[PDB]
Amino acid sequence: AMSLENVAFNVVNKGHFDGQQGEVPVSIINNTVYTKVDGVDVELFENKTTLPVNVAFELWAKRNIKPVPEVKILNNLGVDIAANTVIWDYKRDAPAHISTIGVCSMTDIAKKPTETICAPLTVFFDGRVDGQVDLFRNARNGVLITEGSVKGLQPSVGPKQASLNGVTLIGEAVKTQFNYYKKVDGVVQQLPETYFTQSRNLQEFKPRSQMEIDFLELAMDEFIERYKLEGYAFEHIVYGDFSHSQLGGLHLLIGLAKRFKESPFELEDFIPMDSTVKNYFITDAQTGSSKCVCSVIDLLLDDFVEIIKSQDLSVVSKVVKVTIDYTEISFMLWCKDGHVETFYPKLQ
Amino acid sequence: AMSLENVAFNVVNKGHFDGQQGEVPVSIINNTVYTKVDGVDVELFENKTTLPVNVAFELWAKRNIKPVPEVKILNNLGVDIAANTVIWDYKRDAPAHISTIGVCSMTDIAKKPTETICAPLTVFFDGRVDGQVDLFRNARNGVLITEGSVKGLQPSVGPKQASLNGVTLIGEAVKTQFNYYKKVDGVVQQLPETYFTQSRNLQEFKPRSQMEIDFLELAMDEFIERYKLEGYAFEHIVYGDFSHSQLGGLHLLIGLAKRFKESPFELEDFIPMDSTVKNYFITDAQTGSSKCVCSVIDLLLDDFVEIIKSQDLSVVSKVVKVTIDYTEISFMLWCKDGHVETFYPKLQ
Amino acid sequence: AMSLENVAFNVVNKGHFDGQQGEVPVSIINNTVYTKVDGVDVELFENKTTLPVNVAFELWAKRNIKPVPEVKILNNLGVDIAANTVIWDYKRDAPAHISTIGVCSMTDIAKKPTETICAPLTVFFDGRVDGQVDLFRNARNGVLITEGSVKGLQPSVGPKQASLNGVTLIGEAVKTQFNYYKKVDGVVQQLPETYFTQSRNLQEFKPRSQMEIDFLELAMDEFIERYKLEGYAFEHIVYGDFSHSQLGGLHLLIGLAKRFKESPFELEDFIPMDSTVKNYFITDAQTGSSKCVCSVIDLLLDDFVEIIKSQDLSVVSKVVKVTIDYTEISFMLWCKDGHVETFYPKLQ
Amino acid sequence: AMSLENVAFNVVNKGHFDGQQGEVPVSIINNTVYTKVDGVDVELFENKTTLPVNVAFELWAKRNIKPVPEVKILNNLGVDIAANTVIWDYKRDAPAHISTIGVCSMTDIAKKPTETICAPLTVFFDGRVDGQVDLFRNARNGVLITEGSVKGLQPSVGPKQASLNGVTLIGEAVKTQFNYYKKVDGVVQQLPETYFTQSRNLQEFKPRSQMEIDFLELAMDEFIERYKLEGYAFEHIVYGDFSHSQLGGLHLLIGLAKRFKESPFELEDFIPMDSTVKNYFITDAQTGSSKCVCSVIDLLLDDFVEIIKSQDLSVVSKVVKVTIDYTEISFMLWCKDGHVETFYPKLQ
Amino acid sequence: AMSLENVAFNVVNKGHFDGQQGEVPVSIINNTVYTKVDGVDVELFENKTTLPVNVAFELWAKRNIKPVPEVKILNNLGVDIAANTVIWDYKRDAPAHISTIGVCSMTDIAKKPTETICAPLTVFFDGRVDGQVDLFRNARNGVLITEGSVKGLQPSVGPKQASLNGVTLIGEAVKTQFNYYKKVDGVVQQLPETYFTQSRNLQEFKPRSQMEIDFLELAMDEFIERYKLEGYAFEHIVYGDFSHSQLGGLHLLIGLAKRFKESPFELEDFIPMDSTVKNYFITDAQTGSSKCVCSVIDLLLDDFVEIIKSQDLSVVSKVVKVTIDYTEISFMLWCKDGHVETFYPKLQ
Ligand SMILES: NCCCc1ncc[nH]1
Ligand SMILES: NCCCc1ncc[nH]1
């Protein structure tokens, strides 16, 4: 027996929806859910979604609290809906998916993913839940994650990191690296070879290779010399050029993290959502150098070096396609006299 | 187990809260409660109260659906709260009382009127509900209504009419005339002798005596002659004077109803609530004669004639107090040479 | 190039969306759309839907302005969505369907009904629009209306009335009687033989047969005598019993219209939407007789007489299923000694 | 000392702002102003304007309660703002003008119309207020109304009717016919000779000449014969043609009032404001004949007959400009063989 | 003469309500109060309370700006209301109490605490205000704070810290340590022996004893050895166990502060209010170890050591009650073979 008061009871006593019986007094005002605690109203939830406040509150309470794939991975794999869970999108403060299956009476399109309404949708299945590997085997369209091997199915090793309650982390106490599987029209897909973005933050950026440690510690000319990067325009692309009114390059998160230690800058996240490539309106506070659309990707510096060193540098401009997070990312590569001028994730 | 979904289930299936088990999906957006009916949202309630939308919806669903005293009578008797019911104020589209007793977890100050918090409040008790006469006997402060005799308790015969689902009526299939009782500080109070307002509408006004039939049918000068009303200023007070920019008199509802048949006028109800005396900003459409504060009372014309004919007409101006609906209504009486000039409910 | 300003330009200059080029300044505040007219804001639309204000405004502007089936008929036939039009539900002040096809970028699930997303949905097709009969022939699920014969397709003669801009009418200058067709899972479905509700209002009720003229003019006992209705409980079912606290019978709109001429009553439409059977919380103003859930259906009195006279009256209680507006309506029939006690649309 | 609480005190005790000292407790929630009356909240004002709720409440409380020109006349004369008053637009439930002069601290652009900010604005002045004729004489731009002669100023006799608290009326107890004067760039402007619209409603339409009495009582062919209107297409223009899907003509309010007595129709006022010519999306309920943009003007039938009989009928199509309510109204006149086919206020 | 404009004038010129005369222009939009400063709107207050925006703005302006007891202390002492002040709850951004006494006309239940409505309520009295010690002496129910001795009354030494404008601090320039007194039904209570929580923040945690300095500086095994804490499960309870998917222990704020220096973690404050024990949904960013309901108390480590070393360790599980901040806190104590396994504030 689902109810607003029961959802609020679960949030108050269990920190989230935990199927417990009970009710607390609730008041809804505008887009906020409150509960009465000893005579006064205490805020439980502020709706930042486009769904009705009581519906968003229920989906948020019913969010998956285990490490789950980051929303950008699910989106890149064409995931439409999740089987009997809510993947909460912490970047948008909203459900990752419009509809649900066996979660909430207002958003449910089905109670089980075997209902014919789900057959054309790519349903997310989680092998850590009993019966979901079997549901994926019988589903026409779906994406499955598992911690280990699935008999007969060939896996795709996913990223090392996963999202746990909005914290992206590489699990030590929990497993965050999943095997991925995908089916389109009843046929198990062969997921492509892919690089993965590292999902790091600017303020707490940590290197994940000796090359990344060297990038952060060494001076620009020492690093470029050590890794034989002359002619690859890392001065522009990675370090950034703050000498003109338009900020040059600065498309790799590691370069922004290095700059951030020396001096701050504003990053306007004008489309705030999870995506493989992010676009920011950047203003460098020290110089006043700025760029309306600065595309930024967090690749491991070694992967970015491998990508740029695997390109033909004989044409003025061309599109370089790279599978990253299972999706095809277009980069614009500009060359002159056999050397790179710029290389950036395409603002298409 | 009270819940928003259960309240909505009761509204959808029973027309109001009826203690039935069940749930319907609900969505709350802004101040409106909706339910899903075959794929689309259907409005169940629009909150016009100052309470949270889900709380007002529950109180409205739990409204008393038996004939109950009109809110003006309850207000006049000093009723603060009701015992285990909601008196819905249809004139304000809101609960008649801020708090509840044994109704709703958000508004309840107690579950039973015997709780010490209720002792200073004048609690409304309904003798038609088992145990409520006994609860009145043990209450420090309260107002009780009954359909019959209570042993040892001296009654006050209330008005003929009561409100049933917002319709004021004199019951034929149901009893609407109640005995009234009141207690203050543990002591039974003698309710005063009183007139009662008739609670009629302008558009569907019906006469309730031969004098009222004669007022509506006869011309002004022949009605005044027939009932020997010369010198009582009925021309001004009751018929109304539309000859000057300021509308003169027009303080009896019957006079407004007579005028309404001939020509329309605007009545701005600038304090829209139930009260013994109503104030309107009136604009006569035919003449343009208007008055910002025109006090209007719906007394039976015979009662108004009895009141005005029982006054001493020897002083220029004085306050005449008349008990109406259990409250002392102040009237301003203006005389000249032994005749009335005006008589109106005194604008406080 | 669709835009809020272009939609508002069309509303201001064409009375609705008419595909015209142009823009007017618009301001959105809360749930209302305004436009500037010579310096001041003028309201164009107040959103009463659960969709975003600018989206609801666009769907309302793009509403079908030809006579279309009443929403209750579309709901009864299982219509989920319309092909390249918006059926505006004037009873709910909202789109009849959640999603659109080729109408609005925010609500569209497809641009054409041939897209695979539309295959499981019952799409409404209108033969008066070029190519829509062909689209119905190729659709997996759908309901089609036409003004004439479709080769090889067996028709179902629909109701005489249709809705034109929220006015239900039997067209004289326009055709409102359509042929109906339906497909389920790619297979043309035979629509059942059905009665149709008359879609009349209480305040402007007009008789549509000599029996209905006689019901409204004749006294109860002489109408029952003239039409040999003794033993069919029309006194209870149709005329209504206002003698007890619970209002008895009163399930036919014509009986409510007859009562309405004599004395008024309140009809609380607690689920305000279009449906074959309506439920009202009724309070009779004259007697105080009331009923929380009074099911009411507007059948032609002759059709109701035909239905009730075609039943076996030998059992205490039973369910009688009658096809009305293409839906199976359950009725509860209560008998005693070979006579009817009551017959009413069964409260589900 | 202006304040929200003082404005509310004035509304509660005086029916509007009357400069009285005092305060009442107020609560603002969403767009509604409430006051506490014996423990419960009572609604004083619901903001339907695009201004902040407390600001709109103050302007509405400070509305002019004397007969004032109808907003369409003020708009037609180019009035931007009023001197030390608020002209409340009852058709829009909003101030007729965005800014104020000496009324409200939030909307004031000046305290007196002599401030240089008012020089480019056409300020409305009211000769019934002391000093306002002198203020008009010194204003660069303005419109003045008076009840009598202003020395040396040539007057324009305005309409017979004025708006008093939202009621348009021809005053008997008050004067509603004003002399009008206008200044542009410091120069007194000669107001043109004009017809005036009658400002009548469909439901309470009253004839104002013997020709109008004859139009409403006589049959179409005998009225046309009596007034020698053969060849002037009154059958189409005034009576209306309900025979085709598109409703023909019906551009004079009197014709809509005649039709209304026989059968109802829907008039969608899609730009709800006061204007000389109104546009409606009309749906005739009896026939289903409809028109998205039906321009309607309320001229005295005699004035419309005078206008149409003063035109040259020798050209297929042409624009006929007629001064109505001080504005040039364009009409489209279509002729064939020396007879009128149609004549309507040209849809701009 | 209280008013919205006067409250706003005080906020603009005095930083809070200071009883100064004056008015500023104000606009209210949604839940925000603005004032016009040289032509533009400037935000003064955003309502995060469940009260009307203008009422919450007034109570916030009238907040107590002296050091006052933290809301958790007032709540633990059963405080219902304050005498002639507003205790602003900075953790909820709302008044600590629903009603007021002599503060605001919308929330006042009385002007003075001697009114009979206040007699059953526990009124907060402040000895720093003239006459409030005497008001406490005559009150039936109340809590009094003083800086020094009250003749005849025995004091309870309160916490060292108090809240000054939402900053919890141990005053050096001001006195924050108060004597507490409480009366229930006219009887001066003997307040129990109690520990006090330290009200520290995670980010700016400072040790308040040599044991706390040693906890933060020393390694886990060195500290446990130095203070002879073997067998008391400090490894689990205080340091925290981040090795399993469920985060173990971590119930003392000092342990969270130590962890915070090494690596960050998310603390979801799902019931955001002031309380002796706080519950957080914690996610450790380094390991991914998490716990839905991690109860956390900020006790001085010496007090926690004294509490845990004063328990009988011979039973598997039992409830240990400890008076903290004047309230009874239940702890769950789990033992095995004479050693502690866990000890935590009970999630009841
Ligand atoms: N954000 C949801 C993506 C779902 C999808 N992918 C392709 C089509 N639909
Ligand atoms: N948060 C207010 C507490 C007041 C109280 N304590 C006990 C009863 N009421």
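Residues numbered from 1 in each chain as written, not as in the entry; some residues may be left out. Chains lettered and ligands numbered in written order. Part of a larger assembly, values for the part shown. Heavy atoms only, no water.

Looking at the method and resolution fields of the entry, one finds X-ray crystallography and 1.8810 Å.

The name the PDB entry assigns to chain A is Uridylate-specific endoribonuclease, from the organism Severe acute respiratory syndrome coronavirus 2. What the PDB entry is called, per its title line, is "PanDDA analysis group deposition -- Crystal Structure of SARS-CoV-2 NendoU in complex with EN300-1605072".

**Notes on a nonpolar patch on the surface**
All names here are of chain A. Among the surface-exposed residues, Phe 270, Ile 271, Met 273 and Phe 281 lie close enough to one another that they form a single nonpolar patch of about 320 Å² accessible area. Here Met 273 is to be found in the loop between β16 (265-268) and β17 (278-284). Overall, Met 273 belongs to the partly exposed group, its relative accessible area being 32%. (Patch = residues over 30% accessible without salt bridge, like charges linked within 9 Å, V, L, I, M, F, W, Y side chains within 5 Å. Areas by Shrake-Rupley, 256 points an atom, 1.4 Å probe, with all protein chains shown as cover. Salt bridge = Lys/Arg side-chain N within 4 Å of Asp/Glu carboxyl O. Helix = DSSP H or I, 4+ residues; strand = E, 2+ residues; numbered from the N terminus. Buried < 20%, exposed > 50% of the residue type's maximum accessible area, 1.4 Å probe, protein only.)

**Brief notes about the interface of chain C and chain B**
In many reports, interface size means the accessible area that the parts give up when they come together. Contacts between the two partners involve 31 residues from chain C, matched on the other side by 30 residues from chain B. Together, the buried faces of chain C and chain B total about 2300 Å²; carbon and sulfur atoms form 57% of this surface. Where chain C meets chain B, there are 1 salt bridge. The salt bridge partner of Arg63(B) is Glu268(C), with a shortest N-O separation of 3.1 Å. Taken together, the connections running from chain C to chain B amount to 7 residue pairs in polar contact. Elements with a minimum of two residues in the side of chain C that touches chain B: β16 (265-268), β17 (278-284) and β18 (290-296) of chain C. Tallied by class, residues from the side of chain C that touches chain B come to 12 nonpolar, 14 polar and 5 charged. (Contact = heavy atoms within 4.5 Å. Buried area = accessible area lost by both parts, 1.4 Å probe. Polar contact = N/O pair within 3.5 Å; in protein donor to acceptor, adjacent residues only side chain to side chain. Nonpolar A, V, L, I, M, F, W, Y, C, P; charged D, E, K, R; others polar.)

**Side note on the pairing of strand β21 (residues 339-345) of chain A**
Judged by how many residues are buried, β21(A) sits mostly within the fold: 5 of 7 residues are covered. In this antiparallel pair of consecutive strands, strand β20 (residues 327-336) of chain A and β21(A), the connection spans 2 residues, and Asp337(A) shows a positive phi of 55°. (Pairing = 2+ DSSP bridges.)

**A closer look at unusual backbone geometry**
Its identity as a non-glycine residue notwithstanding, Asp93(B) has a phi of 55°, on the positive side. Within the secondary structure, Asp93(B) sits in the loop between β5 (88-89) and β6 (94-95). Note on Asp93(B): relative accessible area 38%, which makes it partly exposed. The phi dihedral of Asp325(D) is positive, around 55°, even though this residue is not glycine. Assignment of secondary structure puts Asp325(D) in the loop between β19 (317-324) and β20 (327-336).

**Looking at the interface of chain D and chain B**
Opposite the 30 residues of chain D that make contact, chain B presents 31 residues. If you look at where chain D meets chain B, you find 1 salt bridge. The interface formed by chain D and chain B contains 7 residue pairs in polar contact. Going through the elements one at a time, α1 (4-14), β2 (32-37), β3 (40-46) and β13 (167-169) of chain D are the ones with two or more residues in the side of chain D that touches chain B. In terms of residue count, the dominant contributor to the side of chain D that touches chain B is β3(D) (5 residues). The class makeup of the residues in the side of chain D that touches chain B is 16 nonpolar, 7 polar and 7 charged.

**Observations regarding the site of ligand 1**
Residues and elements named next belong to chain A. Around ligand 1, a shell composed of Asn 75, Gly 78, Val 79 and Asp 80 is seen. With respect to ligand 1, the side chain of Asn 75 contributes an N or O atom lying 3.4 Å from a nitrogen atom. Here a nitrogen atom of ligand 1 sits 3.3 Å away from a polar atom, N or O, in the side chain of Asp 80. (Near = heavy atom within 4 Å.)

**Let's talk about the site of ligand 2**
Neighbouring residues of ligand 2: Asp38(A), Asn75(E), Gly78(E), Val79(E) and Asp80(E). Neighbouring residues of ligand 2 are distributed over chains A and E. In this structure, a nitrogen atom belonging to ligand 2 sits 2.9 Å away from a main-chain N or O atom of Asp38(A). The contact in question runs from a nitrogen atom of ligand 2 to an N or O atom on the side chain of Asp80(E), over 3.3 Å. Contact with the protein chains covers 64% of the free accessible surface of ligand 2, which is 290 Å².

**Concerning the packing of aromatic side chains**
For the structure on display, the rule yields 65 aromatic pairs over all chains. Relative to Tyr239(D), the ring of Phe215(D) lies with its centre 4.7 Å away and its plane at 35°, an arrangement referred to as tilted. Of the two residues, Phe215(D) sits in helix α5 (residues 210-217) while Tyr239(D) sits in the loop between α7 (234-237) and α8 (253-262), which places them 24 residues apart along the sequence. Judged on exposure class, the residue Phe215(D) and its partner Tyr239(D) are both buried. Taken together, the aromatic side chains of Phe215(A), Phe223(A), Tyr227(A) and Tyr239(A) make up a single cluster linked through ring pairs. Above the ring of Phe215(C), the side-chain terminus of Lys258(C) is found at 5.7 Å from the ring centroid. (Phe/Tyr/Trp six-rings, centres within 6.5 Å; stacked < 30°, edge-to-face > 60°. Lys NZ or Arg CZ within 6 Å of the ring centre and 35° of its normal.)

**Description of the side chain of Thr85(C)**
Residue and element names in this part refer to chain C. Along the chain, the position of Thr 85 falls in the loop between β4 (81-82) and β5 (88-89). With a relative accessible area of 15%, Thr 85 lands in the buried category. Ignoring any residue separated from it by four or fewer positions in sequence, one finds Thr 85 in contact with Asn 64, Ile 101 and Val 103.

**Details of the relation of the copies chain D and chain B**
The operation relating chain D to chain B is a screw motion whose rotation component is 120°, with 0.0 Å of axial translation and a residual RMSD of 0.0 Å. When the rotation and shift are considered jointly, the pair of chain copies conforms to a three-fold rotation axis. Closest to the rotation axis within chain D is the C-alpha of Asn30(D), separated from it by 5.6 Å. (Least-squares fit on C-alpha atoms.)

**Here's the deal with the arrangement of the chains**
With no contact between them, chain A and chain C keep their nearest C-alpha atoms 8 Å apart. Regarding chain B and chain E, which are not in contact, the minimum distance between any of their C-alpha atoms is 8 Å.

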